[PDB]
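Chains as they are written, first to last, in full-length UniProt numbering: chain A, 1 to 102, 129 to 185; chain B, 2 to 225; chain C, 3 to 213; chain D, 13 to 168.
Quick reminder that beta carbons are idealized off the backbone N, C-alpha and C, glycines included.
Shown next, in structure tokens, is the structure this report addresses.
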Amino acid sequence: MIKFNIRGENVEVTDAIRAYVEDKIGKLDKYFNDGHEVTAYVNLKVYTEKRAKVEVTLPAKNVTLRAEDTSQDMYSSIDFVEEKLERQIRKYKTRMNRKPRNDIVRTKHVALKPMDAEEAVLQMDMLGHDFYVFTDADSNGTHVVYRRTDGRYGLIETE
Amino acid sequence: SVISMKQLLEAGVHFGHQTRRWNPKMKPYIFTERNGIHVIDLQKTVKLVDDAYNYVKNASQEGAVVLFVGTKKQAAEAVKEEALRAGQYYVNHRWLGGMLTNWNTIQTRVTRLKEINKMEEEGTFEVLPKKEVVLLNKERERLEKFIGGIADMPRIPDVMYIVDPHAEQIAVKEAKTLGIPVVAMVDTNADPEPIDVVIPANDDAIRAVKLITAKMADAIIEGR
Amino acid sequence: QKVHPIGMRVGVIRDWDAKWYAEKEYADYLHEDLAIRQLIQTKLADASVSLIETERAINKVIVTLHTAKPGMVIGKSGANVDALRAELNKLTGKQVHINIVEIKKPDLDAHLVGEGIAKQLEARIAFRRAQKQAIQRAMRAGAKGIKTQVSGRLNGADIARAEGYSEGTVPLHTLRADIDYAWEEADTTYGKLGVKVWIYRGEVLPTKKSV
Amino acid sequence: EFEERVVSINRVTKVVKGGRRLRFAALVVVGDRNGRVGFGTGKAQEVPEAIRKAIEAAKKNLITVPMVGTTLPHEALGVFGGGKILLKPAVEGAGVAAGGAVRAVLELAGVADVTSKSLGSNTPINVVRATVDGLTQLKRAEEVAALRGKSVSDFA
RNA sequence: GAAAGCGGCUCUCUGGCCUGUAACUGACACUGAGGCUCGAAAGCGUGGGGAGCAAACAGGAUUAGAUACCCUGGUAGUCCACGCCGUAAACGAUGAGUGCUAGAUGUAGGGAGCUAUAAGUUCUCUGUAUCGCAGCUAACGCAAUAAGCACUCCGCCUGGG
RNA sequence: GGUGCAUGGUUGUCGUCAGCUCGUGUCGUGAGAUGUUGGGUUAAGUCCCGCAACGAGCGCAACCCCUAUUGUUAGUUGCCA
Numbered sequence: 001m002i003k004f005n006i007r008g009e010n011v012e013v014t015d016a017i018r019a020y021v022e023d024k025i026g027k028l029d030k031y032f033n034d035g036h037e038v039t040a041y042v043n044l045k046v047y048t049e050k051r052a053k054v055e056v057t058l059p060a061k062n063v064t065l066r067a068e069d070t071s072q073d074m075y076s077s078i079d080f081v082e083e084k085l086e087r088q089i090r091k092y093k094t095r096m097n098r099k100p101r102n129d130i131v132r133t134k135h136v137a138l139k140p141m142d143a144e145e146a147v148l149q150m151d152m153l154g155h156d157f158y159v160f161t162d163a164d165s166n167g168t169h170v171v172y173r174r175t176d177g178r179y180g181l182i183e184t185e
Numbered sequence: 002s003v004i005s006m007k008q009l010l011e012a013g014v015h016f017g018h019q020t021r022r023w024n025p026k027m028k029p030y031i032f033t034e035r036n037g038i039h040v041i042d043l044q045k046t047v048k049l050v051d052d053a054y055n056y057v058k059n060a061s062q063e064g065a066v067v068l069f070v071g072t073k074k075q076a077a078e079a080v081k082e083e084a085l086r087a088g089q090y091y092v093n094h095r096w097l098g099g100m101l102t103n104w105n106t107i108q109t110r111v112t113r114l115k116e117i118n119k120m121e122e123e124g125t126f127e128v129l130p131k132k133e134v135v136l137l138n139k140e141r142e143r144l145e146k147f148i149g150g151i152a153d154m155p156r157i158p159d160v161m162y163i164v165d166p167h168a169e170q171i172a173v174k175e176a177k178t179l180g181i182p183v184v185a186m187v188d189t190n191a192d193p194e195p196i197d198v199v200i201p202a203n204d205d206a207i208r209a210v211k212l213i214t215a216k217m218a219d220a221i222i223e224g225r
Numbered sequence: 003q004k005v006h007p008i009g010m011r012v013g014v015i016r017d018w019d020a021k022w023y024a025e026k027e028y029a030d031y032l033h034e035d036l037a038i039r040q041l042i043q044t045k046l047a048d049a050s051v052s053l054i055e056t057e058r059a060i061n062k063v064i065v066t067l068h069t070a071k072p073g074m075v076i077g078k079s080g081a082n083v084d085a086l087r088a089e090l091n092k093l094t095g096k097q098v099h100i101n102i103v104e105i106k107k108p109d110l111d112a113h114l115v116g117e118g119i120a121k122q123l124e125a126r127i128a129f130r131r132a133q134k135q136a137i138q139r140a141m142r143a144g145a146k147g148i149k150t151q152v153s154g155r156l157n158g159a160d161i162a163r164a165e166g167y168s169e170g171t172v173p174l175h176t177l178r179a180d181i182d183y184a185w186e187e188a189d190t191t192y193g194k195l196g197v198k199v200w201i202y203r204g205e206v207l208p209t210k211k212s213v
Numbered sequence: 013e014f015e016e017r018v019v020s021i022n023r024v025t026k027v028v029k030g031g032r033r034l035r036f037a038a039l040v041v042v043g044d045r046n047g048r049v050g051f052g053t054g055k056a057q058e059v060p061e062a063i064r065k066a067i068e069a070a071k072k073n074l075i076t077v078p079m080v081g082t083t084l085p086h087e088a089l090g091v092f093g094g095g096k097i098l099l100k101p102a103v104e105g106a107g108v109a110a111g112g113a114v115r116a117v118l119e120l121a122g123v124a125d126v127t128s129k130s131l132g133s134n135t136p137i138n139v140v141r142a143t144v145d146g147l148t149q150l151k152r153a154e155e156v157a158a159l160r161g162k163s164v165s166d167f168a
């Protein structure tokens, strides 16, 4: 594609398995449209390979995604991590291609239990209404006590 | 020692609830249904309440702390006045979970209910500018919200009375934690076999809590 | 990243350890007096360092000192900082000044608590009960917000362990931090131990305003 | 204050967002070798913190088995999930014949000997619950003289 | 209806329950290996019928590619008599018989009262839900058409590939 | 010099996030729930309403400079109305 940056950052560079890098990113160039830039950046250390760090970053023309991942063998990191780039593009199919993914409230009395008409004097004093919304327990049906403007115990009563 | 159903008629004691979601254990007391509420006759509930007429005296006379809870709507001022005559304090607020077994909740309720309220009552309220007024939202609001009234009380009561355990599941479990007995006014909406007493009473009538809570704390007066 | 409380206090939000002004050789006498302060803290090698503020003056120097206690550090009766003070006169050649003042209650000092318990870490103390022990001593003795910090490094180990009982309201983000704070590295064969002691008895600390 | 036994520090975790929080737990059993056994649990970060919580939970659920002279009333059972512990009175005083997490139990209850293997699982957090149940199934001889309704002379 | 399943309409001969009932037999009961029958869905045999649909395949997008999803079609096949396979998530991954019992609850169709100057309620049986007592399990949950408590007929099951 | 997946300390980042936590307590065999669920609002876990809860922090927010209005100082080398 357009450009690389191959970088063995602890050990020297050898273009057999770097060519294998170049061929699996050749399969990135099977899944390419404009391979805008990549960069290999790998790291292996002492003590009989207690790590295998590799990296390649992926600034394509719309997306960027790097890969600094590990195995025991650096050859196995090139293997499983560039296969991880294959399965990343397998994750990047739909993430790339499928830009389509495809007055008075008309209600009854709010109280539950019935209260008798003498309790309407306390039921008007219960919630703070001048009337008393209570299904009458003493009187058969519904009764309510209003407040007459003279100052006595009123009765809003069909009765 | 009886103030009976001959006067407990109209004030709204011996009545059920709206005739739905009742409980099959409590049917030998509550019989009828008409006009929205169950109506309770004088057969068993007279001597059933006379049981409480005996035992509220009996728990009262040994000189222990009593407790009333009137969280329900038409029942705060009864627990107010009968906490006054009973002597021990009132619970008239929506019930706070975690009351008994956590010490520093009610202990800090004491210290900021009255002891940090001594900063209000002494020379700290008038020496601080407007930023103390929101400190008196914590004080002037969170004291009567987190009121308690527990500062008189140094030790767990004898009785946990409650208007409704069915609306008050919480302290019923708190009272059955370490072994304090309870008193209630339990209607059709609860099964009171865990409750010590069966008082078939509801709240939003005129004087049900007034009558029953009245002579209960009168039994606390003669117990004290 | 973590902000240093004294690292934003002791310059101007708290007044200077070099609490004196000059005209031209301000950093000269300041820096070389800081080398002299290093000589104080390294020639109290049979003593206890608490705090020192060496000063330059109208008499071109007034050395301000502090001790952790007068009864042991200053001498057999007061002649170790005085004979060593004249030894500073044969170091830098000036009128040289003693100031015998105990930093009061050095169990509330971040130097003697954390550095003392770090010397006991050199004596291999169980460090968790050292944390609960020392911060319980000073939190017992007030210290409205008090914590500390110990690093790791046990005979080829990782960076830092945890820090039990690192507690106390130390609102370090806020601009009310009056904290006697310290830090320490204990160099051993098994490694180094960082000891960082936040002590918050006082509440307020700007020291920057004057009419 | 009770006579103390420590079962085990557990191994639990809290999985925070950006990592792995080290959660800490423990389980002890207490009691004063008379029939009274409790058990505690430490849901904390460190060992004496789980001793703190271990006595916070060990101080309660500490009840009395009707110890008929350092023995059992009769053969009982405990089932709580995989804790399946059948306890057998046998000849007594000649060897504390128990599992590991229940030998502390008849220590702190004071039984002379038992005969107690377990089935189900050796999971200790069900062993202690099945042990509470194995004490719970017990009616006693004063009740068979009393609650049964007749002072029966099998015990009299 | 044992399930599989069963819905234009009308006839033909056709089981199976439940409600009541003792009129009557006087235990005739429950099962159930074996053996037997029925039985999804396709497909297979012969012979028809061949609308619409659609395996197979083609054409056009699709992309790196499309033997796929979409579209255009379009063969087998779907339907009718007439024989077969005997395997389905067969399910509710919950065998059959019967006994027991908190209740809130659906709806059928009877039996009975019922409410009477037409209204509208209560009990009883098989049905099929939903919540939830007890019980209950690893938990999830079940709970009157029990994942609760019993017994008789059978069957399965032994760590994974 | 080597050895920063061996060293301390400093150190850049997410993230100037608004979230993170913890104690008491309850509940759940157990990890786990509680705060943190809550009603709008904010930049805010801001407060606030119900709440098994309550409190404590860690906090953006709060305290620090600088500039943005006026008095006390008034000629120094700088201001002349």
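Nearest in C-alpha terms to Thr189(B), of all of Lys48(B), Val199(B) and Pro182(B), is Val199(B). In the structure shown, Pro60(D) adopts helical secondary structure according to DSSP, grouped into three states. Residues of the stretch 146-176 of chain C with a Cβ closer than 9 Å to any Cβ of chain D, in chain order: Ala164 and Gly166. For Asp162(A), the secondary structure class from DSSP, reduced to helix, strand or coil, is strand.
The residues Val42, in chain order, have a CB closer than 7 Å to that of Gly8(A) in the same chain once the five nearest residues on each side in sequence are set aside. Comparing C-alpha distances from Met217(B) to each of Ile31(B), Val40(B), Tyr30(B) and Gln89(B) shows the shortest one belongs to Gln89(B).
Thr184(A) is the residue among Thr184(A), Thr175(A) and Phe4(A) whose C-alpha sits nearest the C-alpha of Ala143(A). Three or more beta-carbon pairs drawn from the stretch 148-167 of chain D and the stretch 74-90 of chain D are found closer than 8 Å, and the two stretches are therefore classed as touching. When secondary structure is reduced to three states using DSSP, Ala109(D) falls in the strand class. Taking 8 Å as the threshold, the shortest C-beta distance from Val136(A) to chain B does not fall below it.
Here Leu85(A) is buried, its C-beta having at least 16 other C-beta atoms within 10 Å. The beta carbon of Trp185(C) is closer than 7 Å to those of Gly196, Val197 and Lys198 in its chain, skipping five residues each way along the sequence.
Listed as beta-bridge partners of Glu55(A) by DSSP are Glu68(A). If you draw a straight line from the Cα of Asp48(C) to the Cα of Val75(C), it comes to about 8 Å. In the DSSP assignment, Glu187(C) is bridged to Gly196(C). Using a Cβ-Cβ distance cut-off of 8 Å, the stretch 87-106 of chain B and the stretch 17-28 of chain C are not in contact, since fewer than three pairs of beta carbons, one from each stretch, lie closer than that value.
Under a criterion of Cβ atoms nearer than 8 Å, the residues of chain C adjacent to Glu58(D) are, in order, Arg130 and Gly166.
No Cβ-Cβ contact shorter than 8 Å links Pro201(B) with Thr72(B). As DSSP reads the structure, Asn22(D) sits in a beta bridge with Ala37(D). The beta carbons of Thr171(C) and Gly147(C) sit about 4 Å from each other, so the pair counts as a contact at 8 Å.
Restricting attention to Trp22(C), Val213(C) and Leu53(C), the CA atom closest to the CA of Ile102(C) is found in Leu53(C). The three-state secondary structure of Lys211(B), taken from DSSP, is helix. With a threshold of 16 other beta carbon atoms within 10 Å, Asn203(B) meets it and is buried. Looking at the backbone, the Cα of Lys96(D) and that of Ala116(D) are separated by about 17 Å. Classified as exposed, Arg66(A) has fewer than 16 neighbouring CB atoms from the shown chains inside 10 Å of its CB.
In terms of CA proximity to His33(C), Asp19(C) leads the group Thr44(C), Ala145(C) and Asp19(C). Between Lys100(D) and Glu87(D), the C-beta gap is smaller than 8 Å, which places the two residues in contact. Within chain B, the residues whose beta carbon sits less than 8 Å from that of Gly167(A) are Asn36, listed in sequence order.
Below 8 Å, enough C-beta pairs join the stretch 5-15 of chain B and the stretch 205-224 of chain B to call them touching: three or more. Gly180(B) sits away from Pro140(A), with the two beta carbons spaced by 8 Å or more. For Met161(B), the pairing in a beta bridge is given by DSSP as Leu68(B) and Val183(B).
In this structure, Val187(B) lies away from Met161(B), with their beta-carbon atoms at least 8 Å apart. The continuous stretches of beta strand (DSSP E) do not include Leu174(C), and DSSP gives it neither H nor E.
Neighbourhood of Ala168(B) in chain A, by CB distance below 9 Å: empty, with the nearest CB roughly 12 Å away. Counting along the chain, no alpha helix (DSSP H) covers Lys146(C), and no H or E run does either. Residues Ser52, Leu53, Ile54, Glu55, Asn101, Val103, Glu104 and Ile105 of the same chain have their beta carbon placed closer than 8 Å to that of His68(C), with the five preceding and five following residues left out of the count.
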